[PDB]
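Here is what each chain is made of, one letter per residue.
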Amino acid sequence: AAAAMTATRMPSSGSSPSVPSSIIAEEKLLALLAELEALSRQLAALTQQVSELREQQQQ
Amino acid sequence: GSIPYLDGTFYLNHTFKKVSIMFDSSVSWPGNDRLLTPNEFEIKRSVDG
């Protein structure tokens, strides 16, 4: 009634960026698709000359 | 000390809660559904719903 009455008396907000580091970029990209063919070409050339041992030993 | 009756120097204005005015014991003034509490001047609120 008196004394104190003179003054006065959720779910999901879904953030995303959190506490990780900063990020950067560059545009000098992508030789790498050539080596996948270099590697599998030269791999064949190994077997090709293993065959050239065998095809001369068989003579 | 200061004499608020003569010096100006008022304080205690914040101590008022509300006041109402009534002519001829029936004419609540200003009435006419004017205010948000039409029958009285509610100076301040301890709870506000």
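Cut-offs and rules
Residues numbered from 1 in each chain as written, not as in the entry; some residues may be left out. Chains lettered and ligands numbered in written order. Part of a larger assembly, values for the part shown. Heavy atoms only, no water. Helix = DSSP H or I, 4+ residues; strand = E, 2+ residues; numbered from the N terminus. Rg over C-alpha atoms; globule rule 2.2 N^0.38 Å. Buried < 20%, exposed > 50% of the residue type's maximum accessible area, 1.4 Å probe, protein only. Areas by Shrake-Rupley, 256 points an atom, 1.4 Å probe, with all protein chains shown as cover. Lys, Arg positive; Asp, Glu negative; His and termini not counted. Charge placed at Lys NZ, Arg CZ, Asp CG, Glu CD. Salt bridge = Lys/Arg side-chain N within 4 Å of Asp/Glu carboxyl O. Contact = heavy atoms within 4.5 Å.

The record lists cryo-EM as the method behind this PDB entry and 3.3 Å as its resolution.

Peer 1: Break down the overall build of chain A for me, with residues and values.
Peer 2: Scanning chain A from N- to C-terminus turns up 1 helix and 0 strands. Relative to the compact-globule value of 10 Å for 59 residues, chain A shows a C-alpha radius of gyration of 36 Å, a clear excess of over 25%. In terms of principal-axis extent, the alpha carbons of chain A reach across some 120 × 30 × 15 Å. Every one of the 59 residues in chain A was classed for burial, and the buried ones make up 0%. If you sum the accessible surface of chain A, you get close to 6,500 Å²; carbon and sulfur atoms cover 58% of it. Computing the positive centroid from 4 side-chain charges and the negative centroid from 6, chain A places the two 16 Å apart.

Peer 1: Break down the pattern of salt bridges for me, with residues and values.
Peer 2: Across all of its chains, the model carries 4 salt bridges over all chains by this definition. The closest approach of N and O atoms between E37 of chain A and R41 of chain A, which form a salt bridge, is 3.5 Å. Here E37 of chain A pairs with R41 of chain A, and both are found in helix α1 (residues 33-57), just 4 residues apart, close to one helical turn. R41 of chain A gets classed as exposed once you look at its relative accessible area, which sits at 59%. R45 of chain B is paired through a salt bridge with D48 of chain B; the nearest N and O atoms lie 2.8 Å apart. When salt bridges that share partners are traced, they join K18, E42, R45 and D48 of chain B into one network.

Peer 1: Please give an account of the side chain of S46 of chain B that cites residues and values.
Peer 2: Here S46 of chain B shows up in the segment after β4 (41-42). Overall, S46 of chain B belongs to the buried group, its relative accessible area being 19%. Excluding residues within four positions of it along the chain, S46 of chain B makes contact with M5, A7, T8 and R9 of chain A.

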